[PDB]
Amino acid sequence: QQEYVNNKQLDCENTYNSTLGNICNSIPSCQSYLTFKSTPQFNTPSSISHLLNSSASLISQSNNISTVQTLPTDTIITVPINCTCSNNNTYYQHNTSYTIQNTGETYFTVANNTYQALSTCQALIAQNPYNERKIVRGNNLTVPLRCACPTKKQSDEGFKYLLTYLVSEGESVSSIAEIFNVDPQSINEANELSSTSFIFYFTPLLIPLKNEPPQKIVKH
């Protein structure tokens, strides 16, 4: 289980435990997965791997695609990543780097737009030295991407991986669970939600997996 960010990552002026990162509460190193929607700029295994610090061969393997193909805009892909503990072993995160392309970008646009909510403004503020009001083109940010490793309880239940899923409008825990062939209660467990809680678009949600994720993700 990890606490759900619950749209606290919209409130960049305040610090919330969940927005600083998933807590290192299990094994210190594991294989994990992110998801990512291709865009005109990030439309190939090489460009996406560079942004997210994965490899083109891993993306090719996980999605059953060529390492050199383009992807139609808005294709959801899985991205295999290491997940390990960082910052005095406090957080599970996967580090990557991002150089600001245009002055005007902010910690929020980096976390929410460029990285599609795979990180948070608060984690970027906490883990970088730049004045949040004066970020400029060329600043090279460390971006702590959200991931986790299964807890002992989840492993005992048969979960091999956790995958960080990006919620879109019109999804429910049941529709997301159908993608991965898991019980939605296991998604609730993984995110410290109940069947009465809500999930929100443009937030990351951990999906516990018994097997590798499907090679093609279709929301509906």
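Numbers follow the displayed sequence, beginning with 1.
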Check: 46-54 versus 64-72: which one carries the higher mean Cα B factor per the record?
Finding: 64-72
Next item on the list: Would you mind comparing 4-12 and 210-218 for me and telling me which has the higher average C-alpha temperature factor in the entry?
Entry: 210-218
Notebook entry, point to check: Between 121, 117, 135, 148, which one tops the list for C-alpha B-factor in the PDB entry?
Noted result: 135
Check: Which one of 29, 35, 188, 41 shows the biggest C-alpha B-factor in the PDB entry?
Finding: 41
Margin query: Considering every modelled residue of the chain and its Cα B-factor in the PDB entry, is residue 98 in the lowest, middle or highest third?
Written below: middle
Next item on the list: Going by the recorded CA B-factors, say which third of the chain residue 91 sits in, lowest, middle or highest.
Entry: lowest
Next item on the list: Would you mind checking where the Cα B-factor of residue 77 ranks among the modelled residues of its chain, as the lowest, middle or highest third?
Entry: middle
Notebook entry, point to check: Among the chain's modelled residues, which third holds the C-alpha B-factor of residue 200?
Noted result: lowest
Note to self: Which third, lowest, middle or highest, does the C-alpha temperature factor of residue 112 belong to within its own chain?
What the structure shows: lowest
